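Dumped data.txt below, it's compact mmCIF, C-alpha atoms:
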```
# COMPACT_ATOMS: atom_id res chain seq x y z
CA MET A 499 -14.90 -14.11 -81.06
CA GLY A 500 -14.11 -10.44 -81.60
CA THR A 501 -17.30 -8.94 -80.11
CA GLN A 502 -16.09 -8.24 -76.56
CA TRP A 503 -16.49 -4.66 -75.34
CA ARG A 504 -15.77 -2.95 -72.04
CA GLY A 505 -18.60 -3.26 -69.55
CA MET A 506 -20.53 -5.78 -71.62
CA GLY A 507 -23.68 -7.11 -69.99
CA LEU A 508 -23.78 -4.77 -66.98
CA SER A 509 -27.26 -3.55 -67.88
CA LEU A 510 -28.66 -7.07 -68.17
CA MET A 511 -27.34 -7.92 -64.70
CA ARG A 512 -30.36 -6.10 -63.27
CA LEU A 513 -32.68 -8.80 -64.60
CA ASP A 514 -32.89 -11.61 -62.05
CA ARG A 515 -32.55 -14.45 -64.56
CA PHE A 516 -29.43 -13.10 -66.27
CA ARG A 517 -27.72 -12.30 -62.97
CA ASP A 518 -28.50 -15.78 -61.64
CA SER A 519 -27.12 -17.31 -64.84
CA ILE A 520 -23.92 -15.29 -64.51
CA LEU A 521 -23.58 -16.38 -60.87
CA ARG A 522 -24.05 -20.01 -61.93
CA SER A 523 -21.35 -19.61 -64.58
CA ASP A 524 -19.03 -18.07 -61.98
CA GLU A 525 -19.61 -20.96 -59.59
CA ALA A 526 -18.86 -23.27 -62.51
CA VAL A 527 -15.53 -21.54 -63.16
CA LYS A 528 -14.62 -20.91 -59.50
CA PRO A 529 -11.65 -23.33 -59.15
CA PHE A 530 -9.58 -21.57 -61.82
CA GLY A 531 -9.73 -18.21 -60.04
CA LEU A 532 -12.01 -16.64 -62.65
CA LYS A 533 -15.10 -14.82 -61.36
CA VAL A 534 -17.35 -14.01 -64.31
CA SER A 535 -19.18 -11.22 -62.49
CA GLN A 536 -15.86 -9.78 -61.31
CA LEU A 537 -14.53 -9.85 -64.88
CA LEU A 538 -17.66 -8.06 -66.12
CA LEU A 539 -17.44 -5.41 -63.40
CA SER A 540 -13.75 -4.54 -63.80
CA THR A 541 -13.38 -1.10 -65.35
CA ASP A 542 -9.80 -1.37 -66.64
CA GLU A 543 -9.62 -2.00 -70.38
CA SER A 544 -6.91 -4.61 -69.77
CA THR A 545 -9.45 -7.19 -68.59
CA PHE A 546 -10.30 -8.22 -72.15
CA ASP A 547 -6.70 -8.33 -73.39
CA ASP A 548 -6.13 -11.84 -72.04
CA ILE A 549 -8.11 -14.26 -74.20
CA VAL A 550 -9.19 -16.35 -71.21
CA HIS A 551 -11.39 -13.57 -69.84
CA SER A 552 -12.68 -12.68 -73.30
CA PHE A 553 -13.76 -16.20 -74.21
CA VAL A 554 -15.20 -17.03 -70.79
CA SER A 555 -17.18 -13.79 -70.57
CA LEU A 556 -18.44 -14.10 -74.15
CA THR A 557 -19.68 -17.65 -73.58
CA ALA A 558 -21.22 -16.67 -70.24
CA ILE A 559 -23.10 -13.73 -71.76
CA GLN A 560 -24.40 -15.89 -74.59
CA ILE A 561 -25.54 -18.53 -72.08
CA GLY A 562 -27.30 -15.85 -70.06
CA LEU A 563 -29.07 -14.50 -73.13
CA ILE A 564 -30.15 -18.02 -74.14
CA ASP A 565 -31.49 -18.54 -70.62
CA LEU A 566 -33.45 -15.30 -70.93
CA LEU A 567 -34.94 -16.35 -74.27
CA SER A 568 -35.79 -19.86 -73.05
CA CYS A 569 -37.54 -18.30 -70.05
CA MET A 570 -40.25 -16.84 -72.29
CA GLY A 571 -40.68 -20.17 -74.09
CA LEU A 572 -38.91 -19.37 -77.37
CA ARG A 573 -37.63 -22.69 -78.71
CA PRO A 574 -35.21 -22.30 -81.64
CA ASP A 575 -35.92 -24.09 -84.89
CA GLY A 576 -32.31 -23.90 -86.06
CA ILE A 577 -28.91 -22.95 -84.66
CA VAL A 578 -25.81 -21.64 -86.44
CA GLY A 579 -22.49 -20.88 -84.78
CA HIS A 580 -19.34 -18.95 -85.71
CA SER A 581 -15.89 -19.98 -84.48
CA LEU A 582 -16.35 -20.14 -80.71
CA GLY A 583 -20.09 -20.09 -80.32
CA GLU A 584 -20.77 -23.74 -80.96
CA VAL A 585 -20.40 -24.08 -77.19
CA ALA A 586 -23.16 -21.49 -76.86
CA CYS A 587 -24.90 -23.27 -79.73
CA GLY A 588 -24.29 -26.52 -77.89
CA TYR A 589 -26.04 -25.22 -74.79
CA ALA A 590 -28.90 -23.70 -76.79
CA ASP A 591 -29.55 -26.96 -78.63
CA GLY A 592 -29.39 -28.90 -75.36
CA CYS A 593 -26.39 -31.15 -76.04
CA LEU A 594 -24.34 -29.49 -73.28
CA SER A 595 -24.85 -28.12 -69.78
CA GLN A 596 -23.90 -24.65 -68.59
CA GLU A 597 -21.06 -25.95 -66.43
CA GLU A 598 -19.70 -28.09 -69.27
CA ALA A 599 -19.99 -25.27 -71.81
CA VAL A 600 -18.21 -22.75 -69.59
CA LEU A 601 -15.51 -25.32 -68.80
CA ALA A 602 -14.99 -25.98 -72.50
CA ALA A 603 -14.72 -22.26 -73.23
CA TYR A 604 -12.27 -21.63 -70.40
CA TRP A 605 -10.09 -24.60 -71.31
CA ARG A 606 -10.02 -23.51 -74.94
CA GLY A 607 -8.77 -20.15 -73.71
CA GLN A 608 -6.26 -21.76 -71.36
CA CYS A 609 -4.83 -24.07 -74.03
CA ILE A 610 -4.58 -21.21 -76.52
CA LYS A 611 -2.80 -19.06 -73.94
CA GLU A 612 -0.27 -21.81 -73.18
CA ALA A 613 0.61 -22.04 -76.88
CA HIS A 614 2.97 -19.03 -76.83
CA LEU A 615 3.03 -19.39 -80.61
CA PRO A 616 4.55 -16.85 -83.00
CA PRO A 617 2.21 -13.91 -83.63
CA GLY A 618 -0.07 -14.47 -86.60
CA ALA A 619 -2.62 -11.95 -87.84
CA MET A 620 -6.03 -12.74 -89.32
CA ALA A 621 -7.79 -10.12 -91.44
CA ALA A 622 -10.84 -9.96 -93.68
CA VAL A 623 -10.63 -9.17 -97.40
CA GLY A 624 -13.31 -8.24 -99.92
CA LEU A 625 -12.30 -10.84 -102.50
CA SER A 626 -14.23 -14.06 -103.06
CA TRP A 627 -13.66 -17.35 -101.26
CA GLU A 628 -12.84 -19.34 -104.40
CA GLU A 629 -10.70 -16.61 -105.96
CA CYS A 630 -8.97 -15.63 -102.71
CA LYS A 631 -7.76 -19.12 -101.77
CA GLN A 632 -5.80 -19.36 -105.02
CA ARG A 633 -4.60 -15.79 -104.42
CA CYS A 634 -3.58 -16.62 -100.84
CA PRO A 635 0.21 -16.52 -100.39
CA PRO A 636 1.69 -19.81 -99.19
CA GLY A 637 1.28 -20.35 -95.47
CA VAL A 638 -1.87 -18.20 -95.36
CA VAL A 639 -5.38 -19.66 -95.61
CA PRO A 640 -8.82 -18.04 -95.67
CA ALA A 641 -9.96 -17.56 -92.09
CA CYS A 642 -13.76 -17.79 -92.20
CA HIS A 643 -16.21 -18.12 -95.09
CA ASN A 644 -18.33 -15.26 -93.76
CA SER A 645 -20.14 -14.58 -97.05
CA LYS A 646 -19.62 -14.45 -100.79
CA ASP A 647 -18.85 -10.72 -100.74
CA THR A 648 -16.63 -10.62 -97.64
CA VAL A 649 -14.12 -13.24 -96.48
CA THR A 650 -11.50 -13.11 -93.73
CA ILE A 651 -7.99 -14.55 -94.02
CA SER A 652 -5.85 -15.83 -91.14
CA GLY A 653 -2.15 -16.64 -91.14
CA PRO A 654 1.35 -15.53 -90.18
CA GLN A 655 1.56 -11.84 -89.33
CA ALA A 656 4.11 -10.85 -91.98
CA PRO A 657 2.50 -12.64 -94.97
CA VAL A 658 -0.98 -11.53 -93.90
CA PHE A 659 0.10 -7.89 -93.60
CA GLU A 660 1.97 -7.95 -96.91
CA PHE A 661 -0.98 -9.52 -98.73
CA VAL A 662 -3.38 -7.03 -97.15
CA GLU A 663 -1.21 -4.12 -98.27
CA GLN A 664 -0.99 -5.53 -101.80
CA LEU A 665 -4.77 -5.99 -101.87
CA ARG A 666 -5.19 -2.38 -100.76
CA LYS A 667 -3.01 -1.67 -103.77
CA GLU A 668 -5.72 -3.70 -105.54
CA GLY A 669 -8.43 -1.58 -103.89
CA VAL A 670 -10.36 -4.53 -102.43
CA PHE A 671 -11.86 -4.39 -98.94
CA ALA A 672 -9.11 -4.60 -96.31
CA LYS A 673 -9.41 -4.91 -92.54
CA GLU A 674 -7.47 -6.72 -89.80
CA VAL A 675 -9.81 -7.64 -86.94
CA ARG A 676 -8.53 -7.56 -83.37
CA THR A 677 -7.59 -11.22 -82.85
CA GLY A 678 -5.37 -11.04 -79.78
CA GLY A 679 -2.37 -11.31 -82.10
CA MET A 680 -3.09 -14.99 -82.79
CA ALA A 681 -4.28 -16.38 -86.11
CA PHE A 682 -7.21 -18.78 -85.89
CA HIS A 683 -8.35 -21.90 -87.75
CA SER A 684 -4.93 -22.09 -89.42
CA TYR A 685 -2.20 -24.71 -89.19
CA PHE A 686 -0.88 -22.68 -86.25
CA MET A 687 -3.78 -23.90 -84.10
CA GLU A 688 -2.82 -27.49 -84.96
CA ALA A 689 -0.09 -27.32 -82.31
CA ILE A 690 -2.53 -26.85 -79.42
CA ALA A 691 -4.66 -29.84 -80.41
CA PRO A 692 -3.28 -32.69 -78.23
CA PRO A 693 -3.36 -30.96 -74.83
CA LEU A 694 -6.74 -29.46 -75.71
CA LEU A 695 -8.05 -32.91 -76.65
CA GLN A 696 -6.90 -34.50 -73.39
CA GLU A 697 -8.18 -31.65 -71.23
CA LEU A 698 -11.58 -31.56 -72.93
CA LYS A 699 -11.84 -35.32 -72.54
CA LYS A 700 -11.25 -34.68 -68.85
CA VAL A 701 -13.93 -31.97 -69.03
CA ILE A 702 -16.71 -33.53 -71.11
CA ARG A 703 -17.61 -37.02 -69.90
CA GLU A 704 -20.89 -38.20 -71.48
CA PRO A 705 -21.30 -36.84 -75.02
CA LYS A 706 -24.91 -36.72 -76.19
CA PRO A 707 -26.39 -36.70 -79.70
CA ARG A 708 -26.55 -33.54 -81.75
CA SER A 709 -29.85 -32.27 -83.13
CA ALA A 710 -31.19 -31.59 -86.60
CA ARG A 711 -31.82 -28.02 -85.43
CA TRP A 712 -28.08 -27.46 -85.00
CA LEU A 713 -26.20 -26.99 -88.29
CA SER A 714 -22.51 -27.62 -87.66
CA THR A 715 -20.26 -25.02 -89.30
CA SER A 716 -16.96 -26.79 -88.54
CA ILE A 717 -17.88 -29.77 -90.75
CA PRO A 718 -18.59 -29.42 -94.50
CA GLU A 719 -22.19 -30.21 -95.43
CA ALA A 720 -21.64 -33.63 -96.99
CA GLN A 721 -19.90 -34.92 -93.85
CA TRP A 722 -22.83 -34.31 -91.47
CA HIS A 723 -23.22 -38.11 -91.28
CA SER A 724 -19.73 -38.58 -89.82
CA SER A 725 -18.99 -39.69 -86.26
CA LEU A 726 -17.64 -36.30 -85.16
CA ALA A 727 -20.75 -34.43 -86.31
CA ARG A 728 -23.01 -36.91 -84.50
CA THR A 729 -22.13 -35.80 -80.96
CA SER A 730 -20.38 -32.85 -79.31
CA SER A 731 -17.17 -34.42 -78.05
CA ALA A 732 -13.61 -33.15 -77.88
CA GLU A 733 -13.33 -33.93 -81.60
CA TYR A 734 -16.15 -31.50 -82.39
CA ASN A 735 -14.48 -28.69 -80.43
CA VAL A 736 -11.05 -29.36 -81.95
CA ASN A 737 -12.51 -29.38 -85.46
CA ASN A 738 -14.39 -26.14 -84.77
CA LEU A 739 -11.05 -24.69 -83.63
CA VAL A 740 -8.91 -25.98 -86.51
CA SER A 741 -10.85 -25.94 -89.77
CA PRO A 742 -12.23 -22.70 -91.25
CA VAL A 743 -15.76 -21.60 -90.43
CA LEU A 744 -18.35 -22.28 -93.14
CA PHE A 745 -20.68 -19.57 -91.87
CA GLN A 746 -22.14 -18.74 -95.28
CA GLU A 747 -22.71 -22.38 -96.21
CA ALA A 748 -25.22 -22.70 -93.37
CA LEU A 749 -27.12 -19.58 -94.46
CA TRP A 750 -28.28 -21.23 -97.70
CA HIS A 751 -30.23 -23.64 -95.47
CA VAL A 752 -32.21 -20.87 -93.74
CA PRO A 753 -35.81 -21.07 -95.00
CA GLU A 754 -37.50 -17.98 -96.35
CA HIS A 755 -39.60 -16.01 -93.86
CA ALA A 756 -37.43 -16.75 -90.84
CA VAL A 757 -36.60 -14.76 -87.71
CA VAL A 758 -32.85 -14.56 -87.06
CA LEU A 759 -31.67 -13.59 -83.57
CA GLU A 760 -28.03 -12.62 -83.06
CA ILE A 761 -27.01 -14.11 -79.71
CA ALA A 762 -23.95 -12.00 -78.93
CA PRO A 763 -22.87 -8.99 -76.82
CA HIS A 764 -22.53 -7.19 -80.15
CA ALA A 765 -24.30 -7.84 -83.44
CA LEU A 766 -21.06 -7.94 -85.43
CA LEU A 767 -22.33 -10.51 -87.95
CA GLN A 768 -25.42 -8.44 -88.72
CA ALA A 769 -24.03 -7.32 -92.08
CA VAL A 770 -23.01 -10.86 -93.02
CA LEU A 771 -26.50 -12.16 -92.22
CA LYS A 772 -28.14 -9.26 -94.06
CA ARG A 773 -26.12 -9.80 -97.24
CA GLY A 774 -25.87 -13.60 -97.29
CA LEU A 775 -29.32 -14.49 -95.98
CA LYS A 776 -32.51 -14.41 -98.01
CA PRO A 777 -34.32 -11.04 -98.05
CA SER A 778 -37.45 -12.49 -96.44
CA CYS A 779 -35.65 -13.05 -93.12
CA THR A 780 -35.54 -10.51 -90.30
CA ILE A 781 -32.47 -9.79 -88.15
CA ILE A 782 -32.67 -8.76 -84.49
CA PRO A 783 -29.47 -7.84 -82.58
CA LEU A 784 -30.59 -8.47 -78.96
CA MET A 785 -27.60 -6.39 -77.79
CA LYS A 786 -25.30 -3.57 -78.92
CA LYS A 787 -21.91 -2.16 -78.03
CA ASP A 788 -21.49 0.98 -75.91
CA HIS A 789 -25.27 1.46 -75.83
CA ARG A 790 -26.52 3.60 -72.96
CA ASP A 791 -28.62 0.81 -71.44
CA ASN A 792 -28.76 -2.64 -73.05
CA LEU A 793 -31.94 -3.72 -71.25
CA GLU A 794 -33.88 -1.29 -73.43
CA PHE A 795 -32.25 -2.77 -76.53
CA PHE A 796 -33.13 -6.31 -75.41
CA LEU A 797 -36.73 -5.25 -74.82
CA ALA A 798 -36.79 -3.62 -78.26
CA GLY A 799 -35.58 -6.89 -79.74
CA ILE A 800 -38.33 -8.77 -77.93
CA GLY A 801 -40.84 -6.22 -79.22
CA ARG A 802 -39.65 -6.75 -82.79
CA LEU A 803 -40.01 -10.48 -82.16
CA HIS A 804 -43.61 -9.76 -81.18
CA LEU A 805 -44.14 -7.72 -84.35
CA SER A 806 -42.82 -10.57 -86.53
CA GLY A 807 -45.44 -13.10 -85.38
CA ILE A 808 -43.32 -15.01 -82.85
CA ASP A 809 -45.03 -15.09 -79.46
CA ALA A 810 -42.87 -14.13 -76.49
CA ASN A 811 -44.11 -13.11 -73.05
CA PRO A 812 -41.99 -10.35 -71.44
CA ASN A 813 -43.53 -11.01 -68.02
CA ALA A 814 -41.21 -13.95 -67.35
CA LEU A 815 -38.19 -11.64 -67.53
CA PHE A 816 -39.31 -9.60 -64.51
CA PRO A 817 -40.44 -10.78 -61.08
CA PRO A 818 -44.06 -11.93 -60.83
CA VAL A 819 -46.79 -9.47 -59.87
CA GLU A 820 -48.93 -10.76 -57.01
CA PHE A 821 -52.67 -11.17 -57.52
CA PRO A 822 -55.45 -10.25 -56.92
CA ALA A 823 -54.54 -6.88 -58.44
CA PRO A 824 -54.71 -3.67 -56.41
CA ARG A 825 -58.05 -1.93 -56.10
CA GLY A 826 -58.27 0.93 -58.58
CA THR A 827 -56.27 -0.55 -61.44
CA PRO A 828 -57.33 1.00 -64.77
CA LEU A 829 -60.07 -0.79 -66.67
CA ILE A 830 -59.09 -2.75 -69.77
CA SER A 831 -62.53 -3.27 -71.36
CA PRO A 832 -62.93 0.26 -72.83
CA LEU A 833 -59.58 0.03 -74.63
CA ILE A 834 -60.53 -2.90 -76.89
CA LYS A 835 -61.56 -1.38 -80.23
CA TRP A 836 -63.04 -3.43 -83.06
```

Please rewrite the model in this file as structure tokens.
Amino acid sequence: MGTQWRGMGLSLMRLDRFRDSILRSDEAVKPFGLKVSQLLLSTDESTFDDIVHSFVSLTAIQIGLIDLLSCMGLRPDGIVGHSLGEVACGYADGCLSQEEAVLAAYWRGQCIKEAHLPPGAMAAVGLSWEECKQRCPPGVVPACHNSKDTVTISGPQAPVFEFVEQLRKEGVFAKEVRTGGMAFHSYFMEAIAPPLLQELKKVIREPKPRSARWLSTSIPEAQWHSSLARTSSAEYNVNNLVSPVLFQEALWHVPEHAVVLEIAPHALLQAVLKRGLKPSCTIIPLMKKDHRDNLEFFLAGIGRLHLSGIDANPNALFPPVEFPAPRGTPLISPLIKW
């Protein structure tokens, strides 16, 4: 969450595959009155205020990007998610279908909206995970283990704000991310669990096994043999929504000399990956906020993928060119230099 910007994904709509994927997501989420394309097109800034639209559109854009990547043949070797994003990770790994993933995202948003819980702010602080948790005032818990250097804390609005101000008095890094006014992964989210569990059981019918490629971030490492971590059921989603995100813990498992692609409508976690991932790895955004035309940025990402040794054919993205080729096409033999 947190990487939703006005007009996200409009440039990619021109590509046939991405537009078809967005239409499929819309048809998936038709009964609830949400039209993904309509949400993307709306110009008013209010569209992203309601968390339902934000979550649904974010998941849809990630699914569309994964469809684009899979079109060229790129098969991921690993997968790491962050808060909501396991659903996108679920689809990328293959444990979930597009309809099921979009339904899960929308019902997460719906359940969270129904909560009507007291406002609780979640902000990031520059202190360390171990040190901060002791320093956390009662009722406030670290939000996400982004990295050793930077960690975010989520909790009740008043305690979070007071602690952030005191830390600023301490000079440490202070920032409250736009979280729709609701704290996340705290005991506050525990209220929404039952209805979410029942609705997701109604949504997901036949859970399927997880893969070794996927590295769950809602379950500590030692527990990867548990029943919840085995398959992506309602328990997996609830755990990913309740417990804090162990984003950094999964980065220690990234082998040296690896290509890391940020599947998101904004490479927010680029700094976290750069600092907490081994220097040998390369980071590629695949999309940026308020860029003039995101198709160029996606093509630049694919080009950097080409430069890094990973084969990817950009022909699949665009419509096929009919052969035989037109008479008079420039010769290719003279260009090959040895």

Between A:709, A:519, A:590, A:600, which is the closest to residue A:532 once you count only C-alpha atoms?
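Of the candidates, the smallest distance to residue A:532 is held by A:600.
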
Set the distance at 9 Å and use all atoms listed in the file: which residues neighbour residue A:681 once local chain neighbours fewer than 4 positions away are removed? I'd like the list as a list in words.
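Non-adjacent residues within range: residues 617, 618, 619, 620, 621, 641, 651, 652, 653, 654, 655, 677, 686 and 687 of chain A.
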
Distance table requested - stretch 545-649 of chain A against stretch 811-820 of chain A, cut-off 7 Å, all atoms listed in the file: one row per qualifying residue with the closest atom pair and its distance in Å to one decimal, ordered by chain and rising residue number, as CSV.
```
residue,atom,partner,partner_atom,distance
A:566,CA,A:815,CA,6.9
A:569,CA,A:814,CA,6.3
A:570,CA,A:811,CA,5.4
```

Find the residues near residue A:688: any atom within 12 Å, counting all atoms listed in the file, skip ones fewer than 6 places away on the same chain, and give them as a ChimeraX atom specification.
/A:609-610,613,615,681-682,694-695,736-741

Point-to-point distance from atom CA of residue A:526 to atom CA of residue A:728, Å rounded to tenths
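Spanning atom CA of residue A:526 to atom CA of residue A:728 is a straight-line distance of 26.2 Å.
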
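Nearest residue to residue A:809, choosing from A:558, A:781, A:757, A:511 and counting only C-alpha atoms: A:757.
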
Distance criterion (all atoms listed in the file): nearest to residue A:503 out of A:584, A:747, A:788, A:794
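Among A:584, A:747, A:788, A:794, it is A:788 that comes nearest to residue A:503.
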
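The interatomic distance for the pair atom CA of residue A:616 and atom CA of residue A:602 works out to 24.0 Å.
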
For each of A:693, A:576, A:763, A:783, take the minimum atom-to-atom distance to residue A:502, counting only C-alpha atoms, then give the residue where this is smallest.
A:763

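Residue nearest residue A:666, chosen from A:779, A:625, A:601, A:761 and counting only C-alpha atoms: A:625.
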
Any idea what's packed within 10 Å of residue A:789, counting only C-alpha atoms, ignoring anything in its chain fewer than 4 positions away? Could you give it as a short mmCIF file (atom, residue, chain, number, x, y, z; two decimals) with C-alpha atoms, keeping the file's coordinate frame?
```
data_model
loop_
_atom_site.label_atom_id
_atom_site.label_comp_id
_atom_site.auth_asym_id
_atom_site.auth_seq_id
_atom_site.Cartn_x
_atom_site.Cartn_y
_atom_site.Cartn_z
CA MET A 506 -20.53 -5.78 -71.62
CA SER A 509 -27.26 -3.55 -67.88
CA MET A 785 -27.60 -6.39 -77.79
CA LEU A 793 -31.94 -3.72 -71.25
CA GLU A 794 -33.88 -1.29 -73.43
CA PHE A 795 -32.25 -2.77 -76.53
#
```

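Residue nearest residue A:560, chosen from A:680, A:762, A:800, A:829 and counting all atoms listed in the file: A:762.
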
Pairwise distance for atom CA of residue A:667 and atom CA of residue A:679, rounded to one decimal in Å
23.7 Å

Non-local contacts of stretch 536-543 of chain A (10 Å; all atoms listed in the file; under 5 positions in same chain excluded) as a ChimeraX atom specification
/A:503-508,511,520,524,551-552,554-555,559

Find the spatial neighbours of stretch 644-650 of chain A, counting all atoms listed in the file, within a cut-off of 10 Å - ignore same-chain residues fewer than 3 positions away - and output them as an mmCIF file with C-alpha atoms, in the coordinates of the input.
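Written file, result.cif:
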```cif
data_model
loop_
_atom_site.group_PDB
_atom_site.id
_atom_site.type_symbol
_atom_site.label_atom_id
_atom_site.label_comp_id
_atom_site.auth_asym_id
_atom_site.auth_seq_id
_atom_site.Cartn_x
_atom_site.Cartn_y
_atom_site.Cartn_z
ATOM 1 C CA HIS A 580 -19.340 -18.950 -85.710
ATOM 2 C CA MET A 620 -6.030 -12.740 -89.320
ATOM 3 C CA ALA A 621 -7.790 -10.120 -91.440
ATOM 4 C CA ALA A 622 -10.840 -9.960 -93.680
ATOM 5 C CA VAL A 623 -10.630 -9.170 -97.400
ATOM 6 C CA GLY A 624 -13.310 -8.240 -99.920
ATOM 7 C CA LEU A 625 -12.300 -10.840 -102.500
ATOM 8 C CA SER A 626 -14.230 -14.060 -103.060
ATOM 9 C CA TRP A 627 -13.660 -17.350 -101.260
ATOM 10 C CA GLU A 628 -12.840 -19.340 -104.400
ATOM 11 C CA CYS A 630 -8.970 -15.630 -102.710
ATOM 12 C CA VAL A 639 -5.380 -19.660 -95.610
ATOM 13 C CA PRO A 640 -8.820 -18.040 -95.670
ATOM 14 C CA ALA A 641 -9.960 -17.560 -92.090
ATOM 15 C CA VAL A 670 -10.360 -4.530 -102.430
ATOM 16 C CA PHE A 671 -11.860 -4.390 -98.940
ATOM 17 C CA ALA A 672 -9.110 -4.600 -96.310
ATOM 18 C CA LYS A 673 -9.410 -4.910 -92.540
ATOM 19 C CA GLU A 674 -7.470 -6.720 -89.800
ATOM 20 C CA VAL A 675 -9.810 -7.640 -86.940
ATOM 21 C CA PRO A 742 -12.230 -22.700 -91.250
ATOM 22 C CA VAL A 743 -15.760 -21.600 -90.430
ATOM 23 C CA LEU A 744 -18.350 -22.280 -93.140
ATOM 24 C CA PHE A 745 -20.680 -19.570 -91.870
ATOM 25 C CA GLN A 746 -22.140 -18.740 -95.280
ATOM 26 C CA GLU A 747 -22.710 -22.380 -96.210
ATOM 27 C CA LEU A 749 -27.120 -19.580 -94.460
ATOM 28 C CA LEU A 767 -22.330 -10.510 -87.950
ATOM 29 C CA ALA A 769 -24.030 -7.320 -92.080
ATOM 30 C CA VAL A 770 -23.010 -10.860 -93.020
ATOM 31 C CA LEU A 771 -26.500 -12.160 -92.220
ATOM 32 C CA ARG A 773 -26.120 -9.800 -97.240
ATOM 33 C CA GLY A 774 -25.870 -13.600 -97.290
ATOM 34 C CA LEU A 775 -29.320 -14.490 -95.980
#
```

Could you pull out every residue with an atom within 6 Å of (-1.9, -14.4, -96.0), file coordinates, counting only C-alpha atoms, and send them as an NGL selection string?
:A and (634-635 or 638 or 653 or 657-658 or 661)

Generate the output file for the selected residues, C-alpha atoms, as a short mmCIF file (atom, residue, chain, number, x, y, z; two decimals), in the coordinates of the input.
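Now in selection07.cif:
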```cif
data_model
loop_
_atom_site.label_atom_id
_atom_site.label_comp_id
_atom_site.auth_asym_id
_atom_site.auth_seq_id
_atom_site.Cartn_x
_atom_site.Cartn_y
_atom_site.Cartn_z
CA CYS A 634 -3.58 -16.62 -100.84
CA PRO A 635 0.21 -16.52 -100.39
CA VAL A 638 -1.87 -18.20 -95.36
CA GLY A 653 -2.15 -16.64 -91.14
CA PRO A 657 2.50 -12.64 -94.97
CA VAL A 658 -0.98 -11.53 -93.90
CA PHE A 661 -0.98 -9.52 -98.73
#
```

Please check which residues have atoms at most 12 Å from (-22.0, -35.2, -84.9) in the file's coordinates, counting only C-alpha atoms, and write them as a PyMOL selection string.
chain A and resi 588+593+705-710+712-719+721-735+737-738

Writing out the chosen residues with C-alpha atoms as a PDB file, in the coordinates of the input:
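Result saved to part.pdb:
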```pdb
ATOM      1  CA  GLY A 588     -24.290 -26.520 -77.890  1.00  0.00           C
ATOM      2  CA  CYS A 593     -26.390 -31.150 -76.040  1.00  0.00           C
ATOM      3  CA  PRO A 705     -21.300 -36.840 -75.020  1.00  0.00           C
ATOM      4  CA  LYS A 706     -24.910 -36.720 -76.190  1.00  0.00           C
ATOM      5  CA  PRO A 707     -26.390 -36.700 -79.700  1.00  0.00           C
ATOM      6  CA  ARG A 708     -26.550 -33.540 -81.750  1.00  0.00           C
ATOM      7  CA  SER A 709     -29.850 -32.270 -83.130  1.00  0.00           C
ATOM      8  CA  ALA A 710     -31.190 -31.590 -86.600  1.00  0.00           C
ATOM      9  CA  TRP A 712     -28.080 -27.460 -85.000  1.00  0.00           C
ATOM     10  CA  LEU A 713     -26.200 -26.990 -88.290  1.00  0.00           C
ATOM     11  CA  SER A 714     -22.510 -27.620 -87.660  1.00  0.00           C
ATOM     12  CA  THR A 715     -20.260 -25.020 -89.300  1.00  0.00           C
ATOM     13  CA  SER A 716     -16.960 -26.790 -88.540  1.00  0.00           C
ATOM     14  CA  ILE A 717     -17.880 -29.770 -90.750  1.00  0.00           C
ATOM     15  CA  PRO A 718     -18.590 -29.420 -94.500  1.00  0.00           C
ATOM     16  CA  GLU A 719     -22.190 -30.210 -95.430  1.00  0.00           C
ATOM     17  CA  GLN A 721     -19.900 -34.920 -93.850  1.00  0.00           C
ATOM     18  CA  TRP A 722     -22.830 -34.310 -91.470  1.00  0.00           C
ATOM     19  CA  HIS A 723     -23.220 -38.110 -91.280  1.00  0.00           C
ATOM     20  CA  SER A 724     -19.730 -38.580 -89.820  1.00  0.00           C
ATOM     21  CA  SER A 725     -18.990 -39.690 -86.260  1.00  0.00           C
ATOM     22  CA  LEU A 726     -17.640 -36.300 -85.160  1.00  0.00           C
ATOM     23  CA  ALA A 727     -20.750 -34.430 -86.310  1.00  0.00           C
ATOM     24  CA  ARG A 728     -23.010 -36.910 -84.500  1.00  0.00           C
ATOM     25  CA  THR A 729     -22.130 -35.800 -80.960  1.00  0.00           C
ATOM     26  CA  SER A 730     -20.380 -32.850 -79.310  1.00  0.00           C
ATOM     27  CA  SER A 731     -17.170 -34.420 -78.050  1.00  0.00           C
ATOM     28  CA  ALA A 732     -13.610 -33.150 -77.880  1.00  0.00           C
ATOM     29  CA  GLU A 733     -13.330 -33.930 -81.600  1.00  0.00           C
ATOM     30  CA  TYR A 734     -16.150 -31.500 -82.390  1.00  0.00           C
ATOM     31  CA  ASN A 735     -14.480 -28.690 -80.430  1.00  0.00           C
ATOM     32  CA  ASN A 737     -12.510 -29.380 -85.460  1.00  0.00           C
ATOM     33  CA  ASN A 738     -14.390 -26.140 -84.770  1.00  0.00           C
TER      34      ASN A 738
END
```
